[PDB]
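Okay, structure.txt now, which holds compact mmCIF, N, CA, C and O atoms:
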```
# COMPACT_ATOMS: atom_id res chain seq x y z
N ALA A 2 0.83 -1.22 0.00
CA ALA A 2 0.00 0.00 0.00
C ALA A 2 0.86 1.26 0.00
O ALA A 2 2.07 1.20 0.20
N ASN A 3 0.26 2.43 -0.25
CA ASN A 3 0.99 3.67 -0.55
C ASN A 3 1.66 4.37 0.65
O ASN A 3 2.55 5.19 0.43
N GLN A 4 1.25 4.10 1.89
CA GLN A 4 1.77 4.79 3.09
C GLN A 4 1.67 6.32 2.99
O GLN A 4 2.66 7.04 3.17
N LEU A 5 0.49 6.84 2.68
CA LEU A 5 0.26 8.29 2.60
C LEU A 5 0.27 8.95 3.98
O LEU A 5 -0.02 8.33 5.00
N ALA A 6 0.60 10.24 4.03
CA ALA A 6 0.56 11.03 5.25
C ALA A 6 -0.88 11.23 5.74
O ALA A 6 -1.76 11.56 4.95
N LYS A 7 -1.11 11.07 7.05
CA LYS A 7 -2.40 11.30 7.69
C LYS A 7 -2.34 12.53 8.59
O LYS A 7 -1.58 12.57 9.55
N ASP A 8 -3.15 13.52 8.26
CA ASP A 8 -3.33 14.78 8.99
C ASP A 8 -4.41 14.65 10.09
O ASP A 8 -5.12 13.65 10.15
N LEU A 9 -4.57 15.66 10.94
CA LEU A 9 -5.74 15.83 11.79
C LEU A 9 -6.52 17.05 11.32
O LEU A 9 -6.03 18.18 11.39
N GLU A 10 -7.76 16.85 10.87
CA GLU A 10 -8.68 17.93 10.53
C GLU A 10 -9.48 18.29 11.77
O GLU A 10 -10.45 17.61 12.11
N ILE A 11 -9.07 19.33 12.49
CA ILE A 11 -9.75 19.81 13.69
C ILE A 11 -10.37 21.18 13.38
O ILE A 11 -9.68 22.10 12.97
N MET A 12 -11.68 21.30 13.57
CA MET A 12 -12.43 22.53 13.31
C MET A 12 -12.55 23.37 14.59
O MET A 12 -13.57 23.33 15.26
N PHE A 13 -11.49 24.08 14.97
CA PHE A 13 -11.25 24.57 16.34
C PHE A 13 -12.30 25.51 16.96
O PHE A 13 -12.27 25.70 18.18
N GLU A 14 -13.23 26.08 16.20
CA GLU A 14 -14.33 26.90 16.75
C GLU A 14 -15.73 26.40 16.37
O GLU A 14 -16.73 27.02 16.73
N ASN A 15 -15.84 25.27 15.68
CA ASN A 15 -17.13 24.62 15.41
C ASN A 15 -17.49 23.71 16.59
O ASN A 15 -17.45 22.49 16.47
N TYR A 16 -17.82 24.29 17.74
CA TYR A 16 -18.22 23.51 18.90
C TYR A 16 -19.47 22.68 18.59
O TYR A 16 -20.45 23.20 18.05
N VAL A 17 -19.46 21.40 18.95
CA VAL A 17 -20.70 20.61 18.99
C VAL A 17 -21.64 21.18 20.04
O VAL A 17 -21.21 21.86 20.97
N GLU A 18 -22.94 20.94 19.90
CA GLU A 18 -23.95 21.53 20.79
C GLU A 18 -23.74 21.15 22.26
O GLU A 18 -23.33 20.04 22.59
N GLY A 19 -24.01 22.09 23.16
CA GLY A 19 -23.69 21.97 24.58
C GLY A 19 -24.82 22.37 25.51
O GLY A 19 -25.70 23.17 25.18
N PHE A 20 -24.78 21.80 26.70
CA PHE A 20 -25.78 21.92 27.76
C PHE A 20 -25.85 23.32 28.37
O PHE A 20 -24.95 24.14 28.19
N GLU A 21 -26.90 23.60 29.14
CA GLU A 21 -27.08 24.85 29.88
C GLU A 21 -27.86 24.64 31.18
O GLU A 21 -28.50 23.60 31.35
N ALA A 22 -27.83 25.61 32.09
CA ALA A 22 -28.75 25.69 33.22
C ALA A 22 -29.75 26.83 33.00
O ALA A 22 -29.36 27.92 32.57
N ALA A 23 -31.04 26.62 33.27
CA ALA A 23 -32.07 27.65 33.08
C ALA A 23 -32.11 28.73 34.19
O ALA A 23 -32.67 29.80 33.99
N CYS A 24 -31.55 28.46 35.37
CA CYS A 24 -31.52 29.36 36.53
C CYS A 24 -32.90 29.86 37.00
O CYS A 24 -33.02 30.96 37.54
N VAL A 25 -33.98 29.10 36.78
CA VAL A 25 -35.36 29.58 36.97
C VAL A 25 -35.73 29.81 38.43
O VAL A 25 -36.42 30.78 38.73
N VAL A 26 -35.28 28.98 39.37
CA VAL A 26 -35.67 29.14 40.78
C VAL A 26 -35.02 30.38 41.37
O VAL A 26 -35.70 31.25 41.90
N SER A 27 -33.72 30.55 41.18
CA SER A 27 -32.98 31.75 41.59
C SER A 27 -33.34 33.01 40.81
O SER A 27 -33.27 34.09 41.37
N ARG A 28 -33.82 32.91 39.56
CA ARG A 28 -34.48 34.04 38.89
C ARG A 28 -35.73 34.53 39.62
O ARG A 28 -36.02 35.71 39.57
N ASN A 29 -36.47 33.63 40.26
CA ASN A 29 -37.76 33.90 40.90
C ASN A 29 -37.68 34.22 42.40
O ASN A 29 -38.62 34.80 42.94
N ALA A 30 -36.60 33.86 43.10
CA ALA A 30 -36.41 34.20 44.51
C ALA A 30 -36.34 35.72 44.74
O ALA A 30 -35.99 36.47 43.83
N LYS A 31 -36.65 36.18 45.95
CA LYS A 31 -36.48 37.59 46.34
C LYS A 31 -34.99 37.92 46.44
O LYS A 31 -34.24 37.13 46.98
N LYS A 32 -34.55 39.08 45.94
CA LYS A 32 -33.12 39.45 45.88
C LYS A 32 -32.83 40.64 46.78
O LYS A 32 -33.61 41.59 46.83
N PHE A 33 -31.73 40.60 47.52
CA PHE A 33 -31.40 41.57 48.56
C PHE A 33 -29.92 41.98 48.51
O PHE A 33 -29.05 41.15 48.27
N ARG A 34 -29.61 43.25 48.74
CA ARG A 34 -28.24 43.79 48.74
C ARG A 34 -28.03 44.64 49.99
O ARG A 34 -28.43 45.81 49.99
N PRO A 35 -27.45 44.10 51.07
CA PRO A 35 -27.35 44.79 52.35
C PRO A 35 -26.49 46.06 52.37
O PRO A 35 -26.68 46.92 53.23
N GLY A 36 -25.54 46.18 51.44
CA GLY A 36 -24.44 47.14 51.50
C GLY A 36 -23.21 46.51 52.15
O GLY A 36 -23.25 46.02 53.27
N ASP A 37 -22.09 46.48 51.42
CA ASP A 37 -20.92 45.69 51.78
C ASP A 37 -20.14 46.27 52.97
O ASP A 37 -19.58 45.51 53.76
N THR A 38 -20.17 47.58 53.18
CA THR A 38 -19.59 48.22 54.37
C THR A 38 -20.29 47.75 55.64
O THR A 38 -19.64 47.32 56.59
N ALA A 39 -21.62 47.77 55.66
CA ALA A 39 -22.41 47.31 56.79
C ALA A 39 -22.18 45.82 57.08
O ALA A 39 -21.99 45.44 58.23
N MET A 40 -22.12 44.98 56.04
CA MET A 40 -21.82 43.56 56.21
C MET A 40 -20.41 43.32 56.72
O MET A 40 -20.23 42.49 57.61
N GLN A 41 -19.41 44.07 56.25
CA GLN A 41 -18.05 43.97 56.77
C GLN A 41 -18.01 44.29 58.27
O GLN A 41 -17.49 43.50 59.05
N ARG A 42 -18.62 45.40 58.69
CA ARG A 42 -18.70 45.80 60.10
C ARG A 42 -19.47 44.79 60.95
O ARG A 42 -19.06 44.51 62.07
N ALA A 43 -20.51 44.18 60.41
CA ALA A 43 -21.29 43.14 61.08
C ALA A 43 -20.64 41.75 61.11
O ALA A 43 -21.07 40.88 61.86
N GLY A 44 -19.63 41.49 60.28
CA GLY A 44 -19.01 40.17 60.15
C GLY A 44 -19.81 39.21 59.27
O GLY A 44 -19.91 38.03 59.59
N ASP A 45 -20.38 39.70 58.17
CA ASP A 45 -21.12 38.95 57.15
C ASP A 45 -22.42 38.24 57.60
O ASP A 45 -22.95 37.41 56.87
N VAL A 46 -22.98 38.62 58.75
CA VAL A 46 -24.28 38.16 59.26
C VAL A 46 -25.19 39.35 59.51
O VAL A 46 -24.75 40.35 60.06
N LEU A 47 -26.47 39.23 59.20
CA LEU A 47 -27.49 40.17 59.66
C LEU A 47 -28.73 39.46 60.18
O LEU A 47 -28.93 38.27 59.92
N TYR A 48 -29.55 40.18 60.92
CA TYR A 48 -30.72 39.66 61.61
C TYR A 48 -31.96 40.49 61.33
O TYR A 48 -31.92 41.72 61.38
N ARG A 49 -33.08 39.82 61.10
CA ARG A 49 -34.40 40.44 60.96
C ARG A 49 -35.36 39.89 62.01
O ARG A 49 -35.28 38.70 62.32
N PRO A 50 -36.22 40.73 62.60
CA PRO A 50 -37.15 40.30 63.62
C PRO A 50 -38.31 39.48 63.09
O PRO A 50 -38.68 39.54 61.92
N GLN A 51 -38.93 38.73 63.99
CA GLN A 51 -40.21 38.07 63.77
C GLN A 51 -41.28 38.75 64.63
O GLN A 51 -40.98 39.28 65.70
N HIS A 52 -42.53 38.77 64.18
CA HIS A 52 -43.65 39.36 64.91
C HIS A 52 -43.85 38.73 66.30
O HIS A 52 -43.54 37.55 66.50
N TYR A 53 -44.41 39.48 67.25
CA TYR A 53 -44.82 38.92 68.53
C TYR A 53 -46.09 38.07 68.37
O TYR A 53 -46.97 38.39 67.58
N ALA B 2 -64.02 -20.32 -38.32
CA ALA B 2 -62.60 -19.93 -38.41
C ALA B 2 -61.86 -20.38 -37.15
O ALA B 2 -61.59 -19.58 -36.26
N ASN B 3 -61.55 -21.66 -37.03
CA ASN B 3 -61.24 -22.26 -35.73
C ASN B 3 -59.81 -22.04 -35.21
O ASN B 3 -59.58 -22.18 -34.01
N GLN B 4 -58.84 -21.72 -36.08
CA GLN B 4 -57.41 -21.75 -35.73
C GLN B 4 -56.71 -20.44 -36.11
O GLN B 4 -55.88 -20.40 -37.02
N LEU B 5 -57.04 -19.36 -35.41
CA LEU B 5 -56.36 -18.07 -35.56
C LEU B 5 -55.07 -18.01 -34.73
O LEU B 5 -54.93 -18.68 -33.71
N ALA B 6 -54.10 -17.20 -35.15
CA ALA B 6 -52.84 -16.99 -34.46
C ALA B 6 -53.00 -16.09 -33.22
O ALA B 6 -53.71 -15.09 -33.27
N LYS B 7 -52.30 -16.42 -32.13
CA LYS B 7 -52.32 -15.66 -30.87
C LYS B 7 -50.97 -15.00 -30.60
O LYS B 7 -49.94 -15.66 -30.50
N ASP B 8 -51.00 -13.68 -30.47
CA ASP B 8 -49.88 -12.80 -30.15
C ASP B 8 -49.69 -12.65 -28.62
O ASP B 8 -50.47 -13.19 -27.84
N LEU B 9 -48.70 -11.89 -28.17
CA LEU B 9 -48.63 -11.34 -26.81
C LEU B 9 -48.75 -9.82 -26.88
O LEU B 9 -47.92 -9.16 -27.50
N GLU B 10 -49.75 -9.24 -26.22
CA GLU B 10 -49.86 -7.79 -26.05
C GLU B 10 -49.12 -7.39 -24.78
O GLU B 10 -49.67 -7.48 -23.68
N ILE B 11 -47.86 -6.98 -24.91
CA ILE B 11 -47.04 -6.51 -23.80
C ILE B 11 -46.82 -5.01 -23.96
O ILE B 11 -46.35 -4.55 -24.99
N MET B 12 -47.16 -4.24 -22.94
CA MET B 12 -47.08 -2.78 -22.95
C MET B 12 -45.77 -2.32 -22.30
O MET B 12 -45.75 -1.91 -21.14
N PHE B 13 -44.65 -2.43 -23.01
CA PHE B 13 -43.29 -2.55 -22.45
C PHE B 13 -42.76 -1.42 -21.55
O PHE B 13 -41.77 -1.62 -20.84
N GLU B 14 -43.40 -0.26 -21.52
CA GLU B 14 -43.06 0.82 -20.58
C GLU B 14 -44.29 1.47 -19.93
O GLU B 14 -44.21 2.54 -19.34
N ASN B 15 -45.44 0.79 -20.00
CA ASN B 15 -46.64 1.14 -19.26
C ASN B 15 -46.62 0.43 -17.90
O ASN B 15 -47.31 -0.56 -17.68
N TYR B 16 -45.76 0.88 -16.98
CA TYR B 16 -45.57 0.21 -15.70
C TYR B 16 -46.81 0.26 -14.81
O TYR B 16 -47.45 1.31 -14.69
N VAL B 17 -47.11 -0.84 -14.13
CA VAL B 17 -48.07 -0.82 -13.01
C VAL B 17 -47.49 -0.06 -11.82
O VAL B 17 -46.29 0.19 -11.75
N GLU B 18 -48.33 0.34 -10.87
CA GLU B 18 -47.90 1.11 -9.71
C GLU B 18 -46.90 0.35 -8.82
O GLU B 18 -46.98 -0.86 -8.67
N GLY B 19 -45.96 1.07 -8.22
CA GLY B 19 -44.87 0.48 -7.46
C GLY B 19 -44.48 1.26 -6.21
O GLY B 19 -44.70 2.47 -6.09
N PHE B 20 -43.89 0.54 -5.27
CA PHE B 20 -43.52 0.99 -3.94
C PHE B 20 -42.46 2.09 -3.93
O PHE B 20 -41.73 2.29 -4.90
N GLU B 21 -42.32 2.78 -2.81
CA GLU B 21 -41.31 3.82 -2.58
C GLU B 21 -40.80 3.80 -1.15
O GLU B 21 -41.46 3.28 -0.25
N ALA B 22 -39.64 4.40 -0.92
CA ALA B 22 -39.20 4.84 0.40
C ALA B 22 -39.42 6.35 0.51
O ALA B 22 -39.11 7.09 -0.42
N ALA B 23 -39.97 6.84 1.62
CA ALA B 23 -40.27 8.27 1.77
C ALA B 23 -39.05 9.14 2.14
O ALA B 23 -39.08 10.35 1.94
N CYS B 24 -37.98 8.55 2.67
CA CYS B 24 -36.73 9.23 3.05
C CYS B 24 -36.91 10.39 4.04
O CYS B 24 -36.23 11.41 3.94
N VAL B 25 -37.86 10.29 4.97
CA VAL B 25 -38.25 11.40 5.86
C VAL B 25 -37.15 11.78 6.85
O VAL B 25 -36.89 12.97 7.04
N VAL B 26 -36.50 10.82 7.48
CA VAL B 26 -35.53 11.09 8.55
C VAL B 26 -34.29 11.76 7.99
O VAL B 26 -33.89 12.82 8.46
N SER B 27 -33.71 11.22 6.92
CA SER B 27 -32.54 11.81 6.25
C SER B 27 -32.84 13.13 5.55
O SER B 27 -31.96 13.98 5.47
N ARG B 28 -34.08 13.38 5.12
CA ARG B 28 -34.51 14.70 4.65
C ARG B 28 -34.53 15.75 5.77
O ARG B 28 -34.28 16.92 5.49
N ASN B 29 -34.76 15.35 7.01
CA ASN B 29 -34.83 16.23 8.18
C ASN B 29 -33.49 16.46 8.90
O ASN B 29 -33.34 17.49 9.55
N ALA B 30 -32.53 15.54 8.81
CA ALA B 30 -31.21 15.70 9.43
C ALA B 30 -30.40 16.87 8.83
O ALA B 30 -30.65 17.28 7.69
N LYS B 31 -29.40 17.36 9.55
CA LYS B 31 -28.41 18.30 8.99
C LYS B 31 -27.61 17.65 7.87
O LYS B 31 -27.27 16.47 7.98
N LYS B 32 -27.23 18.41 6.86
CA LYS B 32 -26.30 17.97 5.81
C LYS B 32 -25.03 18.82 5.84
O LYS B 32 -25.08 20.02 6.09
N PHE B 33 -23.89 18.18 5.59
CA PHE B 33 -22.56 18.76 5.67
C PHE B 33 -21.68 18.21 4.55
O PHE B 33 -21.81 17.05 4.17
N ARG B 34 -20.76 19.01 3.99
CA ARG B 34 -19.92 18.61 2.85
C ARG B 34 -18.48 19.09 3.08
O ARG B 34 -18.13 20.19 2.64
N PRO B 35 -17.65 18.33 3.81
CA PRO B 35 -16.39 18.81 4.38
C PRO B 35 -15.24 19.12 3.41
O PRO B 35 -14.28 19.77 3.82
N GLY B 36 -15.31 18.70 2.15
CA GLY B 36 -14.26 18.93 1.15
C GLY B 36 -13.34 17.73 0.99
O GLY B 36 -12.74 17.24 1.94
N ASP B 37 -13.24 17.21 -0.23
CA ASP B 37 -12.69 15.87 -0.47
C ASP B 37 -11.18 15.78 -0.32
O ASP B 37 -10.67 14.81 0.24
N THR B 38 -10.44 16.80 -0.74
CA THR B 38 -8.98 16.86 -0.53
C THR B 38 -8.66 16.90 0.96
O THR B 38 -7.82 16.13 1.43
N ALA B 39 -9.36 17.72 1.74
CA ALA B 39 -9.18 17.82 3.18
C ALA B 39 -9.48 16.50 3.88
O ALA B 39 -8.68 16.04 4.69
N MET B 40 -10.59 15.85 3.55
CA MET B 40 -10.92 14.54 4.11
C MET B 40 -9.92 13.46 3.71
O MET B 40 -9.57 12.64 4.54
N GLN B 41 -9.41 13.48 2.48
CA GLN B 41 -8.38 12.53 2.06
C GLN B 41 -7.10 12.70 2.88
O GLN B 41 -6.62 11.74 3.47
N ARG B 42 -6.57 13.93 2.99
CA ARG B 42 -5.41 14.21 3.83
C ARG B 42 -5.64 13.82 5.28
O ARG B 42 -4.73 13.30 5.92
N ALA B 43 -6.84 14.02 5.81
CA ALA B 43 -7.21 13.67 7.17
C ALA B 43 -7.53 12.18 7.40
O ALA B 43 -7.75 11.77 8.53
N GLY B 44 -7.58 11.35 6.36
CA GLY B 44 -7.91 9.94 6.48
C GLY B 44 -9.39 9.66 6.78
O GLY B 44 -9.68 8.78 7.59
N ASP B 45 -10.30 10.39 6.15
CA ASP B 45 -11.77 10.26 6.24
C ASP B 45 -12.39 10.56 7.61
O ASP B 45 -13.59 10.32 7.80
N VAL B 46 -11.64 11.13 8.55
CA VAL B 46 -12.11 11.60 9.86
C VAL B 46 -11.89 13.11 9.99
O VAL B 46 -10.84 13.61 9.61
N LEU B 47 -12.82 13.82 10.63
CA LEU B 47 -12.57 15.15 11.17
C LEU B 47 -13.10 15.26 12.59
O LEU B 47 -13.89 14.44 13.03
N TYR B 48 -12.65 16.28 13.31
CA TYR B 48 -12.98 16.49 14.70
C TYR B 48 -13.56 17.88 14.94
O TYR B 48 -13.07 18.87 14.40
N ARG B 49 -14.56 17.95 15.81
CA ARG B 49 -15.16 19.20 16.31
C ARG B 49 -15.00 19.27 17.83
O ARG B 49 -15.10 18.23 18.48
N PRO B 50 -14.70 20.44 18.41
CA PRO B 50 -14.50 20.58 19.84
C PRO B 50 -15.80 20.50 20.64
O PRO B 50 -16.89 20.70 20.13
N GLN B 51 -15.66 20.26 21.94
CA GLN B 51 -16.74 20.40 22.92
C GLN B 51 -16.37 21.49 23.93
O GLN B 51 -15.19 21.72 24.19
N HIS B 52 -17.36 22.18 24.50
CA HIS B 52 -17.14 23.27 25.45
C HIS B 52 -16.38 22.85 26.70
O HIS B 52 -16.48 21.70 27.14
N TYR B 53 -15.65 23.78 27.31
CA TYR B 53 -15.02 23.56 28.61
C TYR B 53 -16.07 23.52 29.72
O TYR B 53 -17.04 24.28 29.69
```
Let me see the file written as structure tokens.
Amino acid sequence: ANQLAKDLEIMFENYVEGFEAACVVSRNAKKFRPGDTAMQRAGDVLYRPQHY
Amino acid sequence: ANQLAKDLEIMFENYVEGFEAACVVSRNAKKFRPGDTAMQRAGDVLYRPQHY
């Protein structure tokens, strides 16, 4: 047989199709931003009261 | 007139109805044509990346 050279044909940006996360539960949760100075002074914990 | 000659009436390209394949799945798939010189140099294989 001829013993021809064999190359690698790699299509470096033709990614095959890939998975995802929908993030739907965390899209729907309530979102809060305490202020990072206050959290630093508090030691990264805060407290909210409950009704009597 | 008891002994008349009998022919064959053959309608040589008047075909009766015939079966088919519908080719539905291969009509619906993606088609790709990678280039014959490139595939020959590559040994009839090519590669596509997957995401990190």
Just want the 4.5 Å neighbourhood of range 12-29 of chain A, counted on only N, CA, C and O atoms, with same-chain residues fewer than 5 positions away dropped. Output as a PDB file with N, CA, C and O atoms, in the coordinates of the input.
```pdb
ATOM      1  N   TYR B  48     -12.650  16.280  13.310  1.00  0.00           N
ATOM      2  CA  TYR B  48     -12.980  16.490  14.700  1.00  0.00           C
ATOM      3  C   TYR B  48     -13.560  17.880  14.940  1.00  0.00           C
ATOM      4  O   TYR B  48     -13.070  18.870  14.400  1.00  0.00           O
ATOM      5  N   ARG B  49     -14.560  17.950  15.810  1.00  0.00           N
ATOM      6  CA  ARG B  49     -15.160  19.200  16.310  1.00  0.00           C
ATOM      7  C   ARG B  49     -15.000  19.270  17.830  1.00  0.00           C
ATOM      8  O   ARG B  49     -15.100  18.230  18.480  1.00  0.00           O
ATOM      9  N   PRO B  50     -14.700  20.440  18.410  1.00  0.00           N
ATOM     10  CA  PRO B  50     -14.500  20.580  19.840  1.00  0.00           C
ATOM     11  C   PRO B  50     -15.800  20.500  20.640  1.00  0.00           C
ATOM     12  O   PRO B  50     -16.890  20.700  20.130  1.00  0.00           O
TER      13      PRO B  50
END
```
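Counting from CA of residue 46 in chain B, the distance to atom O of residue 33 in chain B is 12.5 Å.
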Give as JSON, numbers by chain every residue of chain B that touches chain A within 8 Å, counting only N, CA, C and O atoms.
-> {"B": [39, 40, 41, 42, 43, 44, 45, 46, 47, 48, 49, 50, 51, 52]}
Point-to-point distance in Å for CA of residue 38 in chain B and atom O of residue 4 in chain A =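 It comes out at 15.7 Å.
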Taken to one decimal, the CA of residue 36 in chain B-CA of residue 3 in chain A distance is 21.6 Å
Mind checking DSSP for chain B and telling me the helix (DSSP H, G or I) residues as a ChimeraX atom specification?
-> /B:25-29,37-43
Taking all atoms of range 44-48 of chain B that appear in the file, build a box with edges along x, y and z, extend it by 4 Å on every side, and state its centre and edge lengths in Å to one decimal, as AutoDock Vina command-line options.
```
--center_x -10.7 --center_y 13.8 --center_z 10.5 --size_x 14.3 --size_y 18.1 --size_z 16.8
```
